[PDB]
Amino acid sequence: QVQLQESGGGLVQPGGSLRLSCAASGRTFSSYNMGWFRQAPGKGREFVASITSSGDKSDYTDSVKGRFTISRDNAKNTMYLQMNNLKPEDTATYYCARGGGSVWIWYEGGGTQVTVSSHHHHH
């Protein structure tokens, strides 16, 4: 079974940054379009960003355009999501998926949790 394992989630204040990673098994990682998706409280899974096999083209959902950057390192079988200027509405579990013929396939991986919260400062 193919593994698309997510990491990098955590808790940040609004305006903070997090970098997520999606690490794939196998030897043909570079041949597929790849994408990030997220599931916010009470909602379904929704598109965040996608990138072509070669990395030459990317697409973003409107609400993250300009703040998030998708990238990949094919030599390391890894895709990244650099999330800057984070907002509470970005709180969700984030999942990566591999693109096929008109479908995004999840494969194995439990997602990574991202919490963006304006809370009291503890210092």
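Residues carry their position along the shown sequence, with the first being 1.
As recorded in the PDB entry, 102-110 is the stretch of 102-110 and 6-14 with the greater mean C-alpha temperature factor. The mean C-alpha temperature factor is higher for 21-29 when 111-119 and 21-29 are set side by side. In the PDB entry, the Cα temperature factor peaks, among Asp56, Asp90, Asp59, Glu46, at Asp56.
Sort the chain's modelled residues by C-alpha temperature factor and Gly42 lands in the highest third, per the entry.
In the deposited entry, the Cα temperature factor of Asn77 sits in the top third of values across the chain's modelled residues.
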